[PDB]
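Chemist: Enclosed is the structure file entry-v6.cif (mmCIF, C-alpha atoms).
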```cif
data_start
#
loop_
_atom_site.group_PDB
_atom_site.id
_atom_site.type_symbol
_atom_site.label_atom_id
_atom_site.label_comp_id
_atom_site.auth_asym_id
_atom_site.auth_seq_id
_atom_site.Cartn_x
_atom_site.Cartn_y
_atom_site.Cartn_z
ATOM 1 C CA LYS A 1082 24.063 -3.223 12.512
ATOM 2 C CA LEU A 1083 21.483 -5.263 10.545
ATOM 3 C CA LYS A 1084 22.487 -6.522 7.066
ATOM 4 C CA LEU A 1085 20.032 -6.630 4.167
ATOM 5 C CA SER A 1086 20.778 -10.345 3.824
ATOM 6 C CA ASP A 1087 19.463 -10.694 7.384
ATOM 7 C CA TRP A 1088 15.829 -10.215 6.439
ATOM 8 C CA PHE A 1089 15.623 -9.880 2.696
ATOM 9 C CA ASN A 1090 15.891 -12.905 0.501
ATOM 10 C CA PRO A 1091 15.282 -11.780 -3.060
ATOM 11 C CA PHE A 1092 16.000 -15.311 -4.178
ATOM 12 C CA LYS A 1093 12.721 -16.363 -2.725
ATOM 13 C CA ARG A 1094 11.150 -14.394 -5.584
ATOM 14 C CA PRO A 1095 13.161 -14.904 -8.802
ATOM 15 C CA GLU A 1096 10.136 -14.232 -11.024
ATOM 16 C CA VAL A 1097 10.329 -10.438 -10.231
ATOM 17 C CA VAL A 1098 12.453 -7.354 -9.741
ATOM 18 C CA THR A 1099 13.700 -7.782 -6.180
ATOM 19 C CA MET A 1100 16.769 -5.593 -6.272
ATOM 20 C CA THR A 1101 16.871 -2.296 -8.048
ATOM 21 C CA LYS A 1102 19.666 -1.368 -10.379
ATOM 22 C CA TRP A 1103 20.979 0.389 -7.209
ATOM 23 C CA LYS A 1104 21.188 -2.435 -4.677
ATOM 24 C CA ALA A 1105 17.925 -1.462 -2.950
ATOM 25 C CA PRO A 1106 15.296 -4.040 -2.009
ATOM 26 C CA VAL A 1107 11.925 -4.213 -3.676
ATOM 27 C CA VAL A 1108 9.833 -6.021 -1.073
ATOM 28 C CA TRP A 1109 7.613 -8.793 -2.393
ATOM 29 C CA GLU A 1110 5.699 -11.556 -0.650
ATOM 30 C CA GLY A 1111 8.056 -14.226 0.630
ATOM 31 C CA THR A 1112 11.225 -12.133 0.370
ATOM 32 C CA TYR A 1113 10.974 -10.647 3.826
ATOM 33 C CA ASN A 1114 11.478 -12.113 7.259
ATOM 34 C CA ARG A 1115 9.083 -9.911 9.186
ATOM 35 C CA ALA A 1116 9.679 -11.951 12.262
ATOM 36 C CA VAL A 1117 13.312 -11.083 12.226
ATOM 37 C CA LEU A 1118 12.488 -7.448 11.553
ATOM 38 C CA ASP A 1119 9.734 -7.205 14.118
ATOM 39 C CA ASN A 1120 12.116 -8.388 16.779
ATOM 40 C CA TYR A 1121 14.813 -6.023 15.499
ATOM 41 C CA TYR A 1122 12.700 -2.875 15.257
ATOM 42 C CA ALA A 1123 10.888 -3.645 18.503
ATOM 43 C CA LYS A 1124 14.251 -3.646 20.176
ATOM 44 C CA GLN A 1125 14.766 -0.142 18.710
ATOM 45 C CA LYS A 1126 11.356 0.644 20.226
ATOM 46 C CA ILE A 1127 10.253 2.363 17.015
ATOM 47 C CA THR A 1128 6.897 4.021 16.427
ATOM 48 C CA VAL A 1129 5.591 4.164 12.922
ATOM 49 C CA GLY A 1130 3.030 6.815 12.058
ATOM 50 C CA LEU A 1131 0.917 7.138 8.961
ATOM 51 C CA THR A 1132 -0.814 10.179 7.485
ATOM 52 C CA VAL A 1133 -4.164 9.912 5.893
ATOM 53 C CA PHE A 1134 -6.174 12.808 4.536
ATOM 54 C CA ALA A 1135 -9.858 12.715 3.721
ATOM 55 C CA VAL A 1136 -11.929 15.779 2.860
ATOM 56 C CA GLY A 1137 -15.728 16.072 2.558
ATOM 57 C CA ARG A 1138 -17.447 13.166 0.747
ATOM 58 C CA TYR A 1139 -14.165 11.165 0.976
ATOM 59 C CA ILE A 1140 -14.538 10.690 4.729
ATOM 60 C CA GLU A 1141 -17.932 8.934 4.764
ATOM 61 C CA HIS A 1142 -16.794 6.869 1.794
ATOM 62 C CA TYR A 1143 -13.312 5.703 2.812
ATOM 63 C CA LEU A 1144 -11.654 7.067 5.956
ATOM 64 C CA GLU A 1145 -13.280 4.447 8.136
ATOM 65 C CA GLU A 1146 -12.601 1.277 6.143
ATOM 66 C CA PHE A 1147 -9.055 2.618 5.752
ATOM 67 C CA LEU A 1148 -8.470 3.139 9.429
ATOM 68 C CA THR A 1149 -10.201 -0.088 10.431
ATOM 69 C CA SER A 1150 -7.922 -1.932 7.988
ATOM 70 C CA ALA A 1151 -4.827 0.029 8.961
ATOM 71 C CA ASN A 1152 -5.670 -0.530 12.576
ATOM 72 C CA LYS A 1153 -5.792 -4.275 11.888
ATOM 73 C CA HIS A 1154 -2.836 -4.599 9.488
ATOM 74 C CA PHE A 1155 -0.415 -1.625 9.501
ATOM 75 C CA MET A 1156 2.809 -2.409 11.420
ATOM 76 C CA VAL A 1157 1.165 -4.918 13.767
ATOM 77 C CA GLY A 1158 2.929 -5.104 17.111
ATOM 78 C CA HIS A 1159 4.563 -1.676 17.050
ATOM 79 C CA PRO A 1160 3.391 1.618 18.276
ATOM 80 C CA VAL A 1161 1.631 3.212 15.383
ATOM 81 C CA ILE A 1162 0.191 6.736 15.284
ATOM 82 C CA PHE A 1163 -2.607 7.564 12.869
ATOM 83 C CA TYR A 1164 -2.281 11.061 11.580
ATOM 84 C CA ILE A 1165 -5.695 11.738 10.321
ATOM 85 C CA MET A 1166 -6.168 14.967 8.475
ATOM 86 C CA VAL A 1167 -9.764 15.915 7.736
ATOM 87 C CA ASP A 1168 -11.694 18.937 6.677
ATOM 88 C CA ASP A 1169 -14.543 18.392 9.152
ATOM 89 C CA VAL A 1170 -13.741 16.482 12.343
ATOM 90 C CA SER A 1171 -17.433 15.860 13.067
ATOM 91 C CA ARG A 1172 -17.670 13.373 10.146
ATOM 92 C CA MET A 1173 -14.454 11.743 11.364
ATOM 93 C CA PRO A 1174 -15.508 8.257 12.651
ATOM 94 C CA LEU A 1175 -13.869 7.519 15.986
ATOM 95 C CA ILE A 1176 -13.622 3.741 15.491
ATOM 96 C CA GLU A 1177 -12.138 1.454 18.099
ATOM 97 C CA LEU A 1178 -8.379 1.052 17.655
ATOM 98 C CA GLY A 1179 -6.398 -2.009 18.726
ATOM 99 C CA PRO A 1180 -3.338 -2.255 20.926
ATOM 100 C CA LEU A 1181 -0.288 -0.173 20.027
ATOM 101 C CA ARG A 1182 -2.531 2.008 17.907
ATOM 102 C CA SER A 1183 -3.260 5.681 18.665
ATOM 103 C CA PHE A 1184 -4.484 8.543 16.542
ATOM 104 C CA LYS A 1185 -4.639 12.283 16.405
ATOM 105 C CA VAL A 1186 -6.878 14.278 14.079
ATOM 106 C CA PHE A 1187 -6.525 17.654 12.381
ATOM 107 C CA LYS A 1188 -8.865 20.096 10.712
ATOM 108 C CA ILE A 1189 -7.515 21.346 7.417
ATOM 109 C CA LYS A 1190 -8.813 24.010 5.014
ATOM 110 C CA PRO A 1191 -10.608 21.830 2.415
ATOM 111 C CA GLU A 1192 -9.626 21.353 -1.237
ATOM 112 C CA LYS A 1193 -10.892 22.188 -3.946
ATOM 113 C CA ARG A 1194 -8.726 23.444 -6.846
ATOM 114 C CA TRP A 1195 -7.845 20.298 -8.861
ATOM 115 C CA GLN A 1196 -4.099 20.430 -7.957
ATOM 116 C CA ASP A 1197 -4.201 22.534 -4.818
ATOM 117 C CA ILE A 1198 -5.693 19.405 -3.147
ATOM 118 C CA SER A 1199 -2.491 17.422 -3.505
ATOM 119 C CA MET A 1200 -0.355 20.520 -3.247
ATOM 120 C CA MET A 1201 -1.791 21.124 0.232
ATOM 121 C CA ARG A 1202 -1.312 17.434 1.042
ATOM 122 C CA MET A 1203 2.440 17.967 0.598
ATOM 123 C CA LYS A 1204 2.676 21.225 2.514
ATOM 124 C CA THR A 1205 0.668 19.952 5.450
ATOM 125 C CA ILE A 1206 2.507 16.604 5.687
ATOM 126 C CA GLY A 1207 5.830 18.440 5.837
ATOM 127 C CA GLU A 1208 4.373 21.129 8.093
ATOM 128 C CA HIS A 1209 3.491 18.323 10.476
ATOM 129 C CA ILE A 1210 6.635 16.323 10.079
ATOM 130 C CA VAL A 1211 8.398 19.446 11.312
ATOM 131 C CA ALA A 1212 5.748 20.445 13.847
ATOM 132 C CA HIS A 1213 5.502 17.131 15.719
ATOM 133 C CA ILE A 1214 5.705 13.991 13.574
ATOM 134 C CA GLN A 1215 9.466 14.049 13.561
ATOM 135 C CA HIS A 1216 9.513 13.648 17.325
ATOM 136 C CA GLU A 1217 6.614 11.247 17.386
ATOM 137 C CA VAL A 1218 7.731 8.516 15.016
ATOM 138 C CA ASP A 1219 10.767 6.754 13.583
ATOM 139 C CA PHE A 1220 9.111 6.085 10.202
ATOM 140 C CA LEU A 1221 6.263 7.852 8.464
ATOM 141 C CA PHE A 1222 3.928 6.570 5.803
ATOM 142 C CA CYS A 1223 1.605 8.755 3.819
ATOM 143 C CA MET A 1224 -1.172 7.036 1.969
ATOM 144 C CA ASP A 1225 -4.273 7.963 0.035
ATOM 145 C CA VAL A 1226 -7.479 7.072 1.907
ATOM 146 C CA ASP A 1227 -9.136 5.296 -1.048
ATOM 147 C CA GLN A 1228 -7.496 1.975 -0.240
ATOM 148 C CA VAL A 1229 -7.914 -0.741 2.400
ATOM 149 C CA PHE A 1230 -5.429 -2.927 4.185
ATOM 150 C CA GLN A 1231 -5.921 -6.511 3.321
ATOM 151 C CA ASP A 1232 -3.130 -8.241 5.145
ATOM 152 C CA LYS A 1233 -0.157 -7.565 7.340
ATOM 153 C CA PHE A 1234 1.586 -4.504 5.919
ATOM 154 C CA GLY A 1235 4.538 -4.480 8.284
ATOM 155 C CA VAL A 1236 7.973 -3.304 9.180
ATOM 156 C CA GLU A 1237 9.326 -5.121 6.180
ATOM 157 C CA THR A 1238 8.010 -2.008 4.455
ATOM 158 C CA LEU A 1239 10.013 0.301 6.708
ATOM 159 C CA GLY A 1240 12.896 2.118 5.082
ATOM 160 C CA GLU A 1241 14.975 5.262 4.778
ATOM 161 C CA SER A 1242 12.721 6.381 1.915
ATOM 162 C CA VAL A 1243 10.033 4.098 0.546
ATOM 163 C CA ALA A 1244 8.256 4.195 -2.757
ATOM 164 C CA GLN A 1245 5.364 2.090 -3.945
ATOM 165 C CA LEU A 1246 5.610 0.388 -7.368
ATOM 166 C CA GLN A 1247 2.424 1.477 -9.118
ATOM 167 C CA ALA A 1248 0.362 -1.641 -9.573
ATOM 168 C CA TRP A 1249 -0.547 -1.213 -13.239
ATOM 169 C CA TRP A 1250 2.900 -0.501 -14.565
ATOM 170 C CA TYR A 1251 5.265 -2.703 -12.647
ATOM 171 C CA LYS A 1252 5.786 -5.085 -15.523
ATOM 172 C CA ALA A 1253 6.004 -2.274 -18.078
ATOM 173 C CA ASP A 1254 8.919 -0.624 -19.884
ATOM 174 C CA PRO A 1255 9.774 2.986 -18.674
ATOM 175 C CA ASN A 1256 9.287 4.673 -22.019
ATOM 176 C CA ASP A 1257 5.636 3.843 -21.592
ATOM 177 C CA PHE A 1258 5.330 5.185 -17.994
ATOM 178 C CA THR A 1259 2.793 7.924 -17.739
ATOM 179 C CA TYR A 1260 5.682 10.047 -16.450
ATOM 180 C CA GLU A 1261 5.436 13.755 -17.080
ATOM 181 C CA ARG A 1262 6.850 14.098 -20.553
ATOM 182 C CA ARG A 1263 6.787 17.902 -21.033
ATOM 183 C CA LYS A 1264 10.277 19.498 -20.644
ATOM 184 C CA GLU A 1265 8.449 22.614 -19.447
ATOM 185 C CA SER A 1266 7.418 21.041 -16.083
ATOM 186 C CA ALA A 1267 9.335 20.457 -12.813
ATOM 187 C CA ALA A 1268 8.232 16.878 -13.168
ATOM 188 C CA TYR A 1269 9.856 16.428 -16.591
ATOM 189 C CA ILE A 1270 11.265 12.993 -17.018
ATOM 190 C CA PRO A 1271 12.576 12.442 -20.531
ATOM 191 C CA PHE A 1272 12.282 9.157 -22.347
ATOM 192 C CA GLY A 1273 15.201 6.826 -21.670
ATOM 193 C CA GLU A 1274 15.291 8.087 -18.101
ATOM 194 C CA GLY A 1275 13.292 6.315 -15.351
ATOM 195 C CA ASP A 1276 13.515 3.067 -13.332
ATOM 196 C CA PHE A 1277 9.985 2.408 -12.073
ATOM 197 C CA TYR A 1278 6.685 4.140 -12.145
ATOM 198 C CA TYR A 1279 5.961 4.845 -8.525
ATOM 199 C CA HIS A 1280 2.546 5.235 -6.993
ATOM 200 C CA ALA A 1281 1.691 8.475 -5.231
ATOM 201 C CA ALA A 1282 -0.874 6.640 -3.144
ATOM 202 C CA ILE A 1283 1.864 5.469 -0.737
ATOM 203 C CA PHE A 1284 5.251 6.750 0.149
ATOM 204 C CA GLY A 1285 7.194 7.048 3.303
ATOM 205 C CA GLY A 1286 10.537 6.923 4.942
ATOM 206 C CA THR A 1287 12.011 8.497 8.046
ATOM 207 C CA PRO A 1288 10.150 11.763 8.610
ATOM 208 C CA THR A 1289 13.387 13.604 7.712
ATOM 209 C CA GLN A 1290 12.980 11.972 4.337
ATOM 210 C CA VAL A 1291 9.215 12.282 3.918
ATOM 211 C CA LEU A 1292 9.628 15.970 4.726
ATOM 212 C CA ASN A 1293 12.033 16.161 1.892
ATOM 213 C CA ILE A 1294 9.716 14.260 -0.435
ATOM 214 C CA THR A 1295 6.715 16.385 0.382
ATOM 215 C CA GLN A 1296 8.793 19.570 0.117
ATOM 216 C CA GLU A 1297 10.466 18.966 -3.276
ATOM 217 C CA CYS A 1298 7.124 17.747 -4.588
ATOM 218 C CA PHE A 1299 5.509 20.857 -3.257
ATOM 219 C CA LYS A 1300 8.226 23.014 -4.827
ATOM 220 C CA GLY A 1301 7.727 21.042 -8.026
ATOM 221 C CA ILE A 1302 3.922 21.357 -7.953
ATOM 222 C CA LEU A 1303 4.041 25.054 -7.165
ATOM 223 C CA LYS A 1304 6.587 25.739 -9.867
ATOM 224 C CA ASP A 1305 4.270 24.025 -12.328
ATOM 225 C CA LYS A 1306 1.359 26.228 -11.254
ATOM 226 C CA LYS A 1307 3.299 29.501 -11.608
ATOM 227 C CA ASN A 1308 4.198 28.194 -15.082
ATOM 228 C CA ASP A 1309 0.488 27.742 -15.910
ATOM 229 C CA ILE A 1310 0.798 23.922 -16.338
ATOM 230 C CA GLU A 1311 -1.095 20.948 -14.777
ATOM 231 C CA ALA A 1312 1.154 17.834 -14.624
ATOM 232 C CA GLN A 1313 -0.201 14.784 -16.498
ATOM 233 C CA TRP A 1314 -0.693 12.714 -13.357
ATOM 234 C CA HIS A 1315 -0.551 15.464 -10.724
ATOM 235 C CA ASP A 1316 1.452 15.128 -7.457
ATOM 236 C CA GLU A 1317 2.102 11.547 -8.597
ATOM 237 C CA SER A 1318 4.179 12.935 -11.445
ATOM 238 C CA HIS A 1319 6.265 14.895 -9.057
ATOM 239 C CA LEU A 1320 6.448 12.115 -6.569
ATOM 240 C CA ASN A 1321 7.980 10.321 -9.465
ATOM 241 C CA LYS A 1322 10.533 12.761 -10.880
ATOM 242 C CA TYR A 1323 11.510 12.947 -7.261
ATOM 243 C CA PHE A 1324 12.210 9.228 -6.801
ATOM 244 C CA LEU A 1325 14.109 9.470 -10.090
ATOM 245 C CA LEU A 1326 16.513 12.032 -8.701
ATOM 246 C CA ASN A 1327 16.454 10.726 -5.145
ATOM 247 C CA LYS A 1328 16.144 6.967 -5.661
ATOM 248 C CA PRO A 1329 14.059 5.302 -2.924
ATOM 249 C CA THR A 1330 15.965 3.029 -0.552
ATOM 250 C CA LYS A 1331 13.119 0.484 -0.408
ATOM 251 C CA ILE A 1332 10.435 -0.241 -2.935
ATOM 252 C CA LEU A 1333 7.187 -1.976 -2.072
ATOM 253 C CA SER A 1334 5.820 -4.274 -4.725
ATOM 254 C CA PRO A 1335 2.267 -4.083 -6.117
ATOM 255 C CA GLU A 1336 1.341 -6.588 -3.433
ATOM 256 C CA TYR A 1337 1.413 -3.623 -1.125
ATOM 257 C CA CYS A 1338 -0.790 -1.620 -3.383
ATOM 258 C CA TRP A 1339 -2.793 -3.844 -5.598
ATOM 259 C CA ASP A 1340 -5.633 -2.738 -7.899
ATOM 260 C CA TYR A 1341 -7.833 -5.780 -8.141
ATOM 261 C CA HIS A 1342 -9.154 -4.376 -11.453
ATOM 262 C CA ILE A 1343 -5.844 -5.449 -12.927
ATOM 263 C CA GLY A 1344 -6.841 -8.946 -11.947
ATOM 264 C CA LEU A 1345 -4.474 -10.985 -9.786
ATOM 265 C CA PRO A 1346 -1.542 -12.626 -11.572
ATOM 266 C CA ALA A 1347 0.989 -15.089 -10.251
ATOM 267 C CA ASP A 1348 3.187 -12.077 -9.302
ATOM 268 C CA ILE A 1349 0.652 -10.990 -6.680
ATOM 269 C CA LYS A 1350 1.056 -13.625 -3.951
ATOM 270 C CA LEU A 1351 -0.543 -11.963 -0.934
ATOM 271 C CA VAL A 1352 -2.144 -8.544 -1.254
ATOM 272 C CA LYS A 1353 -1.269 -6.279 1.661
ATOM 273 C CA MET A 1354 -3.481 -3.382 0.671
ATOM 274 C CA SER A 1355 -5.893 -3.017 -2.212
ATOM 275 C CA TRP A 1356 -7.344 0.118 -3.847
ATOM 276 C CA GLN A 1357 -10.992 0.851 -3.184
ATOM 277 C CA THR A 1358 -14.080 0.239 -5.373
#
```
Give the structure from this file in structure tokens form.
Modeler:
Amino acid sequence: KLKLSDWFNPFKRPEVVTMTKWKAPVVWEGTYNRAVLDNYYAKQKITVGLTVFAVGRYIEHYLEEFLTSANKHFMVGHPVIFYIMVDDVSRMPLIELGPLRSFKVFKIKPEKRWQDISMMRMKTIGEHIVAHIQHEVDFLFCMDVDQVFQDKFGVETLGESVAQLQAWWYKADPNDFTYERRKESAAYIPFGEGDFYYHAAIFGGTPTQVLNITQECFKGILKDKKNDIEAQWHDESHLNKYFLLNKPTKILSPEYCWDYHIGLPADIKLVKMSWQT
């Protein structure tokens, strides 16, 4: 096989939560041996793919810098497939991709209804996972476009199902998580319950898994529309109830999704991807 011990050394980062209360790694800078992993995954000849959506104004603002940065930093040295979903392919910038990078684009019906946006996201992702992505890649990552890769964001992030610790709350106590707190919603997480507050802006796993994340979230979201109720933090609140019930197998630290607005404490040792301005 490939033991956890073989690439993950949580003892290289005592300062922070490296193992979840369920023996699952939370990947921080220094804890991972990407070199070991790269070799290991390369042997498995894995392709990672990554799904980014950008609609209307969001394209000319972000989609490029995001790709550029992904192209440069996302799973370097493995076949990667950019799944770019846009509302108007004309505006789609066809920027030069490096080696082991390839893309395919898709026109989607645009937004606009506040929480149809990220209800469609989930349907489409899953629709694709089933339609091709599952045959195309060994691991899928779905990220918001309004962020930019800053450094190597690599296979150390690969996992069965992978959540992103939300950058603002990682050091916080659950009962203060902007979870959905209304028992009436499919995203209800009561106080006392909860391990981390995950970020909707990145999640991934095997496509089998991501399908299942996108689906349950979709079912959640939909449910909450038929019950005439917006969730406090939208598809993020479902993404979260989800990872409550189906604990992620790997968690990426805020280093993988840092808001520079927070500042940059001693916990953030090497930012892999930052949010946009």
Chemist: My list of candidates is A:1354, A:1133, A:1210, A:1116. Which is closest to residue 1187 of chain A when distances are computed with all atoms listed in the file?
Modeler: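 Checking each of A:1354, A:1133, A:1210, A:1116 against residue 1187 of chain A, counting all atoms listed in the file, the winner is A:1133.
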Chemist: Rounded to one decimal, what separation in Å do you get between atom CA of residue 1296 of chain A and atom CA of residue 1207 of chain A?
Modeler: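 These atoms are spaced 6.5 Å apart.
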Chemist: Run through the PyMOL selection byres ((chain A and resi 1128) around 6) on the given coordinates and return the selected residues as a list in words.
Modeler: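 Expected selection for the PyMOL selection byres ((chain A and resi 1128) around 6) here is residues 1127, 1129, 1160, 1161, 1218 and 1219 of chain A.
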Chemist: Could you save the residues just selected, with C-alpha atoms, as a JSON list (two decimals), keeping the file's coordinate frame?
Modeler:
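Below you can see part17.json, which holds the result:
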```json
[["chain", "number", "residue", "atom", "x", "y", "z"],
["A", 1127, "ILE", "CA", 10.25, 2.36, 17.02],
["A", 1129, "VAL", "CA", 5.59, 4.16, 12.92],
["A", 1160, "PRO", "CA", 3.39, 1.62, 18.28],
["A", 1161, "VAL", "CA", 1.63, 3.21, 15.38],
["A", 1218, "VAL", "CA", 7.73, 8.52, 15.02],
["A", 1219, "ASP", "CA", 10.77, 6.75, 13.58]]
```
Chemist: Expand the PyMOL selection byres ((chain A and resi 1303-1313) around 12) into the explicit residue set it covers here, and present it as number ranges by chain.
Modeler: A: 1194-1201, 1203-1204, 1258-1270, 1295-1302, 1314-1322
Chemist: Please indicate the distance in Å from atom CA of residue 1125 of chain A to atom CA of residue 1231 of chain A, rounded to one decimal place.
Modeler: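 Straight-line distance from atom CA of residue 1125 of chain A to atom CA of residue 1231 of chain A works out to 26.6 Å.
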Chemist: When distances are computed from all atoms listed in the file, which of A:1358, A:1256, A:1242, A:1086 shows the smallest separation from residue 1333 of chain A?
Modeler: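 Nearest to residue 1333 of chain A: A:1242.
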Chemist: With the file shown as input, list the residues that the PyMOL selection byres ((chain A and resi 1355) around 10) selects, as a VMD selection string.
Modeler: chain A and resid 1227 to 1232 1248 1335 to 1342 1352 to 1354 1356 to 1358
Chemist: Closest to residue 1145 of chain A among A:1243, A:1294, A:1281, A:1165, using only C-alpha atoms?
Modeler: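 Among the listed residues, A:1165 lies closest to residue 1145 of chain A.
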Chemist: To one decimal in Å, tell me the separation between atom CA of residue 1287 of chain A and atom CA of residue 1241 of chain A.
Modeler: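 Pair atom CA of residue 1287 of chain A / atom CA of residue 1241 of chain A returns 5.5 Å.
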Chemist: Using all atoms listed in the file for the distances, tell me which of A:1101, A:1090, A:1114, A:1289 is nearest to residue 1209 of chain A.
Modeler: A:1289
Chemist: Quick one: what's the axis-aligned box for segment 1336-1346 of chain A, all listed atoms, 6 Å on every side, centre and edges in Å to one decimal, as AutoDock Vina command-line options?
Modeler:
```
--center_x -3.9 --center_y -7.1 --center_z -7.0 --size_x 22.6 --size_y 23.0 --size_z 23.8
```
Chemist: Which residue is closest to residue 1096 of chain A? Choose from A:1131, A:1252, A:1138, A:1284 and count all atoms listed in the file.
Modeler: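 Checking each of A:1131, A:1252, A:1138, A:1284 against residue 1096 of chain A, counting all atoms listed in the file, the winner is A:1252.
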Chemist: Calculated over all atoms listed in the file, which of the candidates A:1179, A:1111, A:1106, A:1329 has the smallest distance to residue 1244 of chain A?
Modeler: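 Closest to residue 1244 of chain A, using all atoms listed in the file: A:1329.
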Chemist: Excluding residue 1334 of chain A and its own-chain neighbours fewer than 4 positions away, which residues fall within 9 Å of it when counting all atoms listed in the file? Please give them as a PyMOL selection string.
Modeler: chain A and resi 1098-1099+1107-1110+1245-1248+1251+1338-1339+1349
Chemist: Would you kindly identify which residues have an atom no farther than 10 Å from (3.6, -9.1, 8.7), using all atoms listed in the file and the file's own coordinates, and write them out as a list in words?
Modeler: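 These residues have at least one counted atom within 10 Å: residues 1110, 1113, 1114, 1115, 1116, 1118, 1119, 1154, 1155, 1156, 1157, 1158, 1232, 1233, 1234, 1235, 1236, 1237, 1238 and 1353 of chain A.
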Chemist: Take the point (-3.0, 7.0, 4.4) in the file's coordinates, draw a sphere of radius 10 Å around it, and report as a VMD selection string every protein, DNA or RNA residue with an atom inside or on it, counting all atoms listed in the file.
Modeler: chain A and resid 1130 to 1135 1144 1147 to 1148 1151 1163 to 1166 1222 to 1229 1282 to 1284
